[PDB]
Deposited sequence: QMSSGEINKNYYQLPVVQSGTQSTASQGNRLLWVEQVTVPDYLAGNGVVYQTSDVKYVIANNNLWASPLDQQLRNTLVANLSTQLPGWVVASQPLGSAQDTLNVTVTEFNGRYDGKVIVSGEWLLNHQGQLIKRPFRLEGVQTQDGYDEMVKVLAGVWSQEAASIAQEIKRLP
C-alpha cells in the first residue's frame, strides 16, 4: 500500500518556509549512510513538506505566543515577518531524526537571523514514529523562536 504522512497541526506573518530540492519531493527522506539520502517511494507527504512546515510553524507559534496573531497570510503593514529555510528534515540510520536550517525574523525593523540544528530520538521503527518525532522537534524549534520574540519590545 501507499502511505501518506502529515505533521499534525495543533501580529506575525510566517511568510515562507523554503526547503532544498531533496526535501521537496513527494517522499519522506531517510538518511541511510553518512553520504546518502533516500526519498521513499511508498511513504509520501500528504502535502508538500514546505507547506506542512509552514502550517505547523504557524500553529505552534500561535500556541507559544498568547496575545499574538500568527498567520500564513499577511496581517498588516507593521507586522513581524518570519522566513525560514529548512535544510535537514529527515530520519537517519542510527535511529535519530535531524532538523536543521535557519530562520530570519523582522521585528520592528530589526533583522534577526538564527541557525538551528536539533536532533530527536526514534524509539520505535517505522515512518509513523519518524514523522511523529520530526513533528515534535519542529515544535521545539517553534518554541525557541517564540522565546526569542518574547525577549523583544
property	result
Deposited positions without coordinates, collected into consecutive stretches in sequence order	1 to 7, 18 to 30
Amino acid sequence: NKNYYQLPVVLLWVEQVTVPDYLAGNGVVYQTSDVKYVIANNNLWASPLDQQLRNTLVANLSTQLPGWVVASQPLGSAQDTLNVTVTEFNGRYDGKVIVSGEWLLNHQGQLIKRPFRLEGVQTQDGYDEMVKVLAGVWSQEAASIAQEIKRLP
From here on, numbers count along this sequence of modelled residues.
item	value
Stretch with the greater mean C-alpha B-factor as recorded in the entry, comparing 39 to 47 against 121 to 129	121 to 129
Comparing 83 to 91 with 62 to 70, the one whose average Cα B-factor in the PDB entry is higher	62 to 70
Residue, from 135, 142, 23, 10, that the PDB entry assigns the highest Cα B-factor	10
Among modelled residues of the same chain, the CA temperature factor third for residue 52	lowest
Ranked against its chain, the third holding the CA B-factor of residue 101	lowest
Lowest, middle or highest third - CA B-factor, residue 31	lowest
Where the record places residue 6 (Cα B-factor, split into thirds across the chain)	lowest
